[PDB]
Every structure is written in structure tokens, then in C-alpha cells.
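Trainee: Chains as they are written, first to last, in PDB author numbering: chain C, 609 to 637, 644 to 655; chain B, 810 to 838.
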Amino acid sequence: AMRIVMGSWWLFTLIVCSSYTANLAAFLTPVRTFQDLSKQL
Amino acid sequence: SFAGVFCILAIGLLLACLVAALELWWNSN
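1) Where do the N-terminal and C-terminal ends of the alpha helix (DSSP H) with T629(C) fall, by residue?
2) Helix, strand or coil: how does DSSP classify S837(B) here?
3) Beta-carbon of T629(C) versus every beta-carbon of chain B: anything under 8 Å?
4) Below 9 Å between beta carbons is the criterion; list the residues of the stretch 609-622 of chain C that meet it against any residue of chain B, in chain order.
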């Protein structure tokens, strides 16, 4: 009833935070590379 | 990569132990 409430709508946002958290993780993505100026560093 | 990340993780334990003592005292009476 009201005892069932505590972690529930807590998870209605914490997992959403976690979804945004794991979301961003890769969004900026002899032979080592392909361009000569990229070799310069 | 995790500074205010685990803040809410402890906040849920706060409201947990809060209502854990609260309804227990309301119902053991």
C-alpha cells in the first residue's frame, strides 16, 4: 500500500540516471593510424 | 566518473532506514 513505495519511484529516476550514464560512454567514437598529421602526435 | 552518481544510492538507504524505524514504531505499538 504505502509501505511498498520507497525504493519504487526511487528506481523511477535512478535507473534513468544510469541509462543516461551508460549512454554517453562512446559518443566521440608499421601501421597504427591512417593520416600523416595524425602521426605527428 | 562517479562523484554525485552514488549520492542517490545512499539517499535511498536514508529513506530506507527512515521508514524502517518509522513504520516499525507505528506498528509495534
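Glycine is no exception: its CB is placed at the ideal position from the N, C-alpha and C atoms.
Mentor: Concretely, from the data shown:
1) As a working mapping, residue 629(C) is identified with position 21 in the first sequence. Note, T629(C): alpha helix (DSSP H), 614-631.
2) Working through the second sequence from its first residue, we reach residue 837(B) at position 28. DSSP, read as helix, strand or coil, puts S837(B) in helix.
3) In the first sequence, the residue the question calls residue 629(C) occupies position 21. So yes, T629(C) belongs to the interface.
4) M610, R611, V613, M614, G615, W618, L619, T621, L622
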